[PDB]
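Beneath this line is the structure, given in structure tokens, with notes to follow.
Hydrogens, waters and symmetry mates play no part in the numbers below; they use all other heavy atoms, side chains included. Quick note: residue numbers are just sequence positions, from 1.
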Amino acid sequence: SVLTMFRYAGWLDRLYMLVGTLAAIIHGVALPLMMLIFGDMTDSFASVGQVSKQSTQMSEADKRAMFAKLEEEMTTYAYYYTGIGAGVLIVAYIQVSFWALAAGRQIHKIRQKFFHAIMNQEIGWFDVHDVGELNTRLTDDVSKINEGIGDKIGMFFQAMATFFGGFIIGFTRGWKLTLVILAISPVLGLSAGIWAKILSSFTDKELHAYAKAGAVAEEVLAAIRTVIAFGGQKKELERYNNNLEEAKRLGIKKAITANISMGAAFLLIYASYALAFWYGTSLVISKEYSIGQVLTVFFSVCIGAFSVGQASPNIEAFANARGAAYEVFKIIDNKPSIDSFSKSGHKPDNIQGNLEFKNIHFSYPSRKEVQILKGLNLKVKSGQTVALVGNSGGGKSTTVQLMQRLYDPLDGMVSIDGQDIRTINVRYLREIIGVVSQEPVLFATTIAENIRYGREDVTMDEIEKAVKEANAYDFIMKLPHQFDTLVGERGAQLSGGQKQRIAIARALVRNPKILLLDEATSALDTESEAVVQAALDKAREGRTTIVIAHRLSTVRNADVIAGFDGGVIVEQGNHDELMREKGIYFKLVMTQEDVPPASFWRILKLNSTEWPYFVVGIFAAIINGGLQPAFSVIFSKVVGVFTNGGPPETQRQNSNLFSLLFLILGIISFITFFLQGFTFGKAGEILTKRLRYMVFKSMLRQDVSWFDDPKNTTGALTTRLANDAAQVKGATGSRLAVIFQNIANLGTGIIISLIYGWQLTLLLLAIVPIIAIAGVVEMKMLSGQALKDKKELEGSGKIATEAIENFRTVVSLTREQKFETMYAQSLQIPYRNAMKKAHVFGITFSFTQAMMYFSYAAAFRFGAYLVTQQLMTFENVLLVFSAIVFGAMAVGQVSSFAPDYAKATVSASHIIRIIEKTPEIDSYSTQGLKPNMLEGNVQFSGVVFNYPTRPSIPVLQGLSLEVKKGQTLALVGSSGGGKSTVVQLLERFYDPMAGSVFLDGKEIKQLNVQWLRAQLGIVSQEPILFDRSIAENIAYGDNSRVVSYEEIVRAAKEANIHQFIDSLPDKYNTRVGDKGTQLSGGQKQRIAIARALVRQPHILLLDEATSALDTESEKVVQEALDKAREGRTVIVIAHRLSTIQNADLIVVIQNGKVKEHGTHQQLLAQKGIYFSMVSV
Ligand SMILES: CC(C)CCC[C@@H](C)[C@H]1CC[C@H]2[C@@H]3CC=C4C[C@@H](OC(=O)CCC(=O)O)CC[C@]4(C)[C@H]3CC[C@]12C
Ligand SMILES: CC(C)CCC[C@@H](C)[C@H]1CC[C@H]2[C@@H]3CC=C4C[C@@H](OC(=O)CCC(=O)O)CC[C@]4(C)[C@H]3CC[C@]12C
Ligand SMILES: CC(C)CCC[C@@H](C)[C@H]1CC[C@H]2[C@@H]3CC=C4C[C@@H](OC(=O)CCC(=O)O)CC[C@]4(C)[C@H]3CC[C@]12C
Ligand SMILES: CC(C)CCC[C@@H](C)[C@H]1CC[C@H]2[C@@H]3CC=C4C[C@@H](OC(=O)CCC(=O)O)CC[C@]4(C)[C@H]3CC[C@]12C
Ligand SMILES: CC(C)CCC[C@@H](C)[C@H]1CC[C@H]2[C@@H]3CC=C4C[C@@H](OC(=O)CCC(=O)O)CC[C@]4(C)[C@H]3CC[C@]12C
Ligand SMILES: Nc1ncnc2c1ncn2[C@@H]1O[C@H](COP(=O)(O)OP(=O)(O)OP(=O)(O)O)[C@@H](O)[C@H]1O
Ligand SMILES: Nc1ncnc2c1ncn2[C@@H]1O[C@H](COP(=O)(O)OP(=O)(O)OP(=O)(O)O)[C@@H](O)[C@H]1O
Ligand SMILES: [Mg+2]
Ligand SMILES: [Mg+2]
């Protein structure tokens, strides 16, 4: 389970990682070979050169000779170092490039496999789980795995190789002593293991919190219109904030525990240093060990221990990857019972559909206590039409879902031609099914592509034939871009009837043997319904149909009608047989970018409130970062005091003071490392929480037209927020802390060299530009593709989210493979850029390391000229060189910061742009008139409006209408005529191009936006709920006020939904599904009606609030509204005749214009359009 990742390596990734590990081992061993010349060899000649120099030895004749000898040996070692520089160049690329190449390939396969696993789950699995977390897992956790399985493992292996090189060199030069030094290595190993395990657990919890935050964001952004209409921005921001607070506290805990562990680790390592130094002093005083021997072993083990210490961020990244892999591979390992990707099962050649439901018992997985079907029995013969009639929630849509095997029955059997559908192949079974759902859902693509999801290889002639049969041909040809016009998310940029007709055509192109039509004409007008019904009846002979309808005209011509009661069929037979049996059908019928370079810095300004955390951390960065180079200087005293120590007692005292100093340095290192990690980590967590909060608030501030933009889809927005926050976080925190430490390491070197040797400091002037340019050029590349990589990423996150939100449609259309192919295609450009980065970062790291070895060689050469010319002491040369190597050991980590900084800068620029964005219709604005009283007069005067996504099409052409308090306005007309546009404009979702809208004679642009929307109670054409309880969904109707239980129950009673909630276990605490899919269509609509009514609004806007209701439920809701007619102004959009005649005034809208206005009797008196609609 620990090594559950690397599952998809394969032979190529296994060889990329074997060869890279060998290259890392060679690169690591290159550094103890550097130390091999110290202590002895070069330093054997040195403590021989001046400490053991003769006071005078014909120095005028032979000191020049040993200086030349040391000139000659230094030149040889300079050649050796140039060779090592070339070798390190080669091995450093292979290490870094191959490791990132393998990480990139594995991450590509992991993303594909995780998406495939999500697409393989059952409908019940989606019902039980909160799938809004899945896109956050796709974007955040996979990137967390990527940073722990890549070149960081190569760096860890290089550090381990350097440590082992010091290990062998110490034992070769002198054992028993390096045993004392390295006997504490198991303690550090256990400490690192515990550290990593705690980091992994904290990462798992933090990713859970971030996934919950992403689920909240996805739910809110998907239903943004409902949030805006009901003024829910503050509360949704608050739920998002609660998840962010959980993530922030987890991150702070992680930082504290990790840093206290690391500080204890360094306290232990310096205590070990002190004990080892005492032991070495004892040995060297005993004369068992020469001073050079202890020098060599100490220095060799010291560099290896320093490499191990610098390896810690790699272990942290590996632990974070392990913490991230948990949920991803848990989902990947899940196996569904109803497998749609299985190749098993029967595929009959010729099917003459004989549908049978025998003794069907079903309870939904998420509400298993509730029985929906109790021994349901139904038979459908080939070529026959069955009409399922009954009250809302009876289980008709449940039967439709069971027919396509979205769930298995608890008891009983669903059979085709006497064969159990469990034994049939799932994909084959669902491919011969054409289905139109109760509330059709489209995809964010073109009309032609939406229809092509029904059948992939359908030609344009068959698409035209289907849209002619679906009565969608005319409006498609009328609008520009023809079939290539792109519909909104879920088809939101079409009218309800247009979307329904598109879904009908999508079902028709399948050429299905079995057609399920769950209220396929709910959003249609009378003429469209009639023509679509004629088209369907034209081809009823070769196919079996199960139709659900609340319109009696469609049920009239059905071959057989089945009535639902108590979960069973009570009446089945012919229309005349049903009239004669006087059943339930009897009662039913009599009820007739710029990317500014300073952007990242600006983001850091947003963290300025945490300035005291930074300064302390900066100090903690200056001290310990300056300690590693200064470790040389004091160590120069360590030998220097000992060599001139003289008597054994004086040397013993000096060495025990040195050991005490080492212990003090360990205490200081514990303190400073804990502070440097903790302060920067806490500042980073605070910054990330603040940035996420601000970005979500800005997104909730934006206009409706902004969400209508094709770039601003729900998946794109969620991916944008998560990715920008993560990329900015990548450059802040402990990462920035270690960068500051490394900068201190590199910085103290200049000063200490300047005191000790100034000429050699000129090399830093020659060494730093050459590295620096190598840094900036990569800056230009990794930035340029990052702007692309994010954009493409926003595409991929779109495809996944559209697939996860619309999963039931995808499964019904058998389009899991198509969406997987699109998701794989959207990953191509990022995957190629990941392969390009491997070589680019491999080359850069390789060049930087060579340059260090090349500078080392130059220093040794430069050093000799100085010594052969008596310009500097050799001891000073060695001290300066040790300073340079200790300072430069962190240059690799500094260069590794380049990929993070560019991504952070780009994401910072995007975050700054989104926060500063100001909408045209600002919902957060406190400006605007708030009238003391509201009379309820609504007027439209010459309103002309074009939707921003399709500005060439005029939707409203001088629309004018009036409605007063106590009056009911009934907007009727054909589909797509602009009825919902009026309600959207009254909510100030958009502003009209011309004309005006008045509320009590005051133009609504002058009014406060929130105040204006608070006077409105809206029921949208296709209502959307939240993944919350019924009580919370109703109480959403009046935010900024705590709605009591009594008011919620009263609203539910007014909406005729109270009885269903009360009978339901958990009652008002029953969690509804995502967007209300775990309810009946009529139940969800009634919940929406209760949500609008609990507000008690002055203007009630009902956009077909009774489309999915029963006749009895419609009657109850209508009488409830009638009892509260006076005292409010009501605007009603309805295709039902019975809801229109009681309205005070009726407006017929065609082509954005009023054609007929007046009462029911007046419109019936003249033989106009209204009479035509009535007669049909
Ligand atoms: C020690 C250094 C100097 C030599 C390089 C190590 C080689 C032993 C390895 C590591 C890189 C490998 C190559 C990396 C790239 C490819 C492409 C790769 O192409 C595919 O995988 C194609 C797609 C498919 O096969 O379906 C085939 C192996 C090959 C030639 C590899 C062959 C074996 C190589 C040369
Ligand atoms: C011997 C010294 C001079 C070092 C230089 C070696 C290169 C000249 C060779 C050895 C390593 C090879 C590379 C090893 C791996 C890759 C990545 C490989 O792409 C992948 O990662 C495969 C999967 C994918 O591309 O999707 C394409 C070939 C390439 C660049 C190989 C091209 C030839 C390279 C660079
Ligand atoms: C502390 C951090 C920075 C470094 C950790 C290094 C090791 C813990 C990693 C690095 C490379 C990994 C290996 C890379 C590839 C494979 C092959 C792969 O083998 C399988 O078991 C495959 C299973 C399958 O294919 O179904 C996964 C395990 C293994 C040995 C991995 C085991 C864990 C290893 C040794
Ligand atoms: C884009 C550029 C800057 C990158 C390529 C840099 C190389 C061309 C440089 C980097 C370090 C240089 C080396 C630094 C030091 C030495 C040692 C030097 O040794 C002697 O002259 C000593 C001879 C003696 O006294 O016995 C010879 C040149 C050499 C190999 C240099 C050769 C040229 C090197 C490899
Ligand atoms: C860090 C690298 C990658 C870029 C910069 C390289 C320089 C720092 C190197 C390359 C050429 C080197 C020089 C090449 C030759 C000489 C002459 C050399 O003279 C001798 O020792 C020769 C015998 C004699 O003294 O007569 C003294 C060092 C010096 C100045 C070297 C000093 C270091 C230099 C300037
Ligand atoms: N996914 C689900 N999880 C739990 N219960 C569900 C789910 N879908 C529907 N139900 C419940 O199952 C019952 C049957 O509802 P169903 O959707 O079958 O109604 P319908 O008869 O087709 O009615 P209408 O046409 O009014 O929507 C209701 O109590 C409903 O809330
Ligand atoms: N967000 C949008 N972007 C672009 N065009 C839109 C958008 N919403 C609706 N339209 C288009 O505006 C026109 C009127 O749509 P509207 O929803 O107002 O019609 P309607 O009369 O309510 O229709 P129906 O009875 O079918 O629900 C149609 O052509 C529709 O496709
Ligand atoms: Mg239904
Ligand atoms: Mg509409």
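- Here the CG atom belonging to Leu627 is positioned 9.5 Å from the CD1 atom belonging to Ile668, to the nearest 0.5 angstrom.
- Of the possible donor and acceptor atoms, one in the side chain of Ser200 sits under 3.5 Å from a partner among the backbone N and O of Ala319.
- Between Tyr273 and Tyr270, the ring planes are perpendicular. Angles over 60° get that label, and only those under 30° would be called parallel.
- Between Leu199 and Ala258, the shortest heavy-atom distance links the atoms CD2-CB, 3.8 Å.
- Inter-residue side-chain proximity for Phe707 and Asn712 is flagged as unmet; no heavy-atom pair is nearer than 4.5 Å.
- Put simply, the side chain of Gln121 does not reach to within 4.5 Å of the side chain of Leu134, judged on heavy atoms.
- Cation-pi geometry between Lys689 and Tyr693 is met: the NZ or CZ atom falls under 6.0 Å from the ring centre, inside 45° of the normal.
- Here the side chains of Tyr326 and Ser1 are not in contact, with every heavy-atom distance at 4.5 Å or above.
- In this structure, the side chain of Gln676 engages the main chain of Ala737 through a donor-acceptor pair within 3.5 Å.
- Looking at heavy atoms from C-beta onward, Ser796 lies out of side-chain contact with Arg111 at the 4.5 angstrom threshold.
- The aromatic rings of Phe673 and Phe266 lie perpendicular to each other, with more than 60° between the two planes, well past the 30° mark.
- Here the CE atom belonging to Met5 is positioned 7.5 Å from the CD1 atom belonging to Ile145, to the nearest 0.5 angstrom.
- Between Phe662 and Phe631, the angle of the ring planes lies from 30° to 60°, which puts this pair in the tilted group.
- Looking only at atom types and distance, the side chain of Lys790 has a donor-acceptor partner in the side chain of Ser907 under 3.5 Å away.
- Between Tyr901 and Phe897, the ring-plane angle classifies as tilted under the 30° and 60° cut-offs.
- Here the side chain of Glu147 pairs no donor or acceptor atom with the backbone of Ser143 at under 3.5 angstrom.
- Counting only residues at least two apart or in different chains, side chain to side chain donor-acceptor pair (under 3.5 Å) contacts with residues 597-607 comprise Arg602-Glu916.
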(request) Take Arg735 and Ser896, measure what side-chain contact (heavy atoms from CB on, under 4.5 Å) needs, and give me the verdict at the end. (result) CA-CA 10 Å; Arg735 182 66 178 171; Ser896 305; 3.5 Å; yes

(request) Begin with the C-alpha distance, continue with both residues' side-chain angles, and end with the deciding distance and a verdict on side-chain contact (heavy atoms from CB on, under 4.5 Å) for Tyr8 and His108. (result) CA-CA 10 Å; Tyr8 308 120; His108 194 64; over 6 Å; no

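- Taking the six-membered ring for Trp, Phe886 and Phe306 have ring centres closer than 6.0 Å.
- Shortest non-hydrogen contact noted between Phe674 and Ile260 is CD1-N, 3.9 Å.
- Atom CG in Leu717 sits 7.5 Å away from atom CD in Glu794 (nearest 0.5 Å).
- The side-chain hydrogen bond (donor to acceptor under 3.5 Å, both in side chains) check on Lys729 picks up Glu685, with sequence neighbours excluded.
- In terms of modelled atom types and a separation under 3.5 Å, the side chain of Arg692 and the main chain of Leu244 share no donor-acceptor contact.
- Within a 6.0 Å radius of NZ in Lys253, no more than 12 heavy atoms belonging to other residues, nucleotides or ligands are found.
- Atoms CD1 and NZ, from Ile315 and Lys152 in turn, are 13.0 Å apart once rounded to the nearest 0.5 Å.
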(request) Output, in order, the C-alpha distance, side-chain angles, deciding distance and verdict of side-chain contact (heavy atoms from CB on, under 4.5 Å) for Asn742 and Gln310. (result) CA-CA 10 Å; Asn742 297 341; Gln310 295 297 109; 3.7 Å; yes

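- Between the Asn1033 side chain and the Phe1026 main chain, a donor and an acceptor come within less than 3.5 Å of each other.
- Separating the CG atom in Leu691 from the CG atom in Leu606 is a distance of 6.0 Å, to the nearest 0.5 Å.
- Under 3.5 Å, the side chains of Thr203 and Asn320 contain a donor-acceptor pair of N or O atoms.
- Formation of a donor-acceptor pair under 3.5 Å by the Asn334 side chain with backbone atoms of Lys330 is not found in this model.
- Salt bridge status for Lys235 with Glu238: absent, with no side-chain N to carboxylate O gap under 4.0 Å.
- Counting heavy atoms from C-beta on, the side chains of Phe157 and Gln95 never come closer than 4.5 Å.
- A side-chain contact (heavy atoms from CB on, under 4.5 Å) with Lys254 holds for exactly one of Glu206, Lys205, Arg249; it is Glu206.
- In this structure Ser261 satisfies the side-chain contact (heavy atoms from CB on, under 4.5 Å) test together with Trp195, sequence neighbours excluded.
- Remark: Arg913 pairs with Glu593, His910 by the side-chain contact (heavy atoms from CB on, under 4.5 Å) rule, at least two apart or across chains.
- Taking both residues in full, the closest heavy atoms of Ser307 and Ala159 are given as OG-O, 3.2 Å, listed atom of the first, atom of the second, then distance.
- A 4.5 Å side-chain heavy-atom check between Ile228 and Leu700 finds every atom pair outside the cut-off.
- The main-chain N or O of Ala716 is never found under 3.5 Å from a side-chain atom of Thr719 such that the two would form a donor-acceptor pair.
- Contact detail for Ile331 and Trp125: the closest heavy-atom pair is CG1-CZ2, 4.4 Å.
- In terms of modelled atom types and a separation under 3.5 Å, the side chain of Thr672 and the main chain of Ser669 share a donor-acceptor contact.
- Inter-residue side-chain proximity for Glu246 and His208 is flagged as unmet; no heavy-atom pair is nearer than 4.5 Å.
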(request) Check step by step if salt bridge (charged side-chain N to carboxylate O under 4.0 Å, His left out) holds for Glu236 and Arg239. (result) CA-CA 5 Å; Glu236 306 293 38; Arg239 314 173 59 246; 3.6 Å; yes

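- In this structure, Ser698 contributes its side chain and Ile914 its backbone to a donor-acceptor pair below 3.5 Å.
- A pairwise comparison of heavy atoms in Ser272 and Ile269 identifies OG-O, 2.5 Å as the closest pair.
- Between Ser895 and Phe845 the shortest heavy-atom distance is OG-CD1, 4.4 Å.
- Among residues two or more places apart in sequence or in another chain, the side-chain contact (heavy atoms from CB on, under 4.5 Å) test is passed with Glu133 by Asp130, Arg137, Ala211, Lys212, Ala215.
- Under the 3.5 Å distance criterion, the side-chain polar atoms of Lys144 are left unmatched by any main-chain donor or acceptor of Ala324.
- Applying the side-chain contact (heavy atoms from CB on, under 4.5 Å) criterion to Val308, with sequence neighbours excluded, gives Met160, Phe163.
- The CG atom of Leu675 sits 9.5 Å away from atom CG of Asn624, with the distance rounded to the nearest 0.5 Å.
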(request) List the steps and the verdict of ring pair (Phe, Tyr, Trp, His ring centres under 6.0 Å) for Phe680 and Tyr613. (result) CA-CA 7 Å; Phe680 264 88; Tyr613 281 114; over 10 Å; no

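- More than 12 heavy-atom neighbours from other residues, nucleotides or ligands sit within 6.0 angstrom of CG on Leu661.
- For the pair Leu604/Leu687, a side-chain contact is recorded, criterion being any heavy-atom separation below 4.5 Å from C-beta on.
- Within 6.0 Å of the OH atom in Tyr924, the count of heavy atoms belonging to other residues, nucleotides or ligands exceeds 12.
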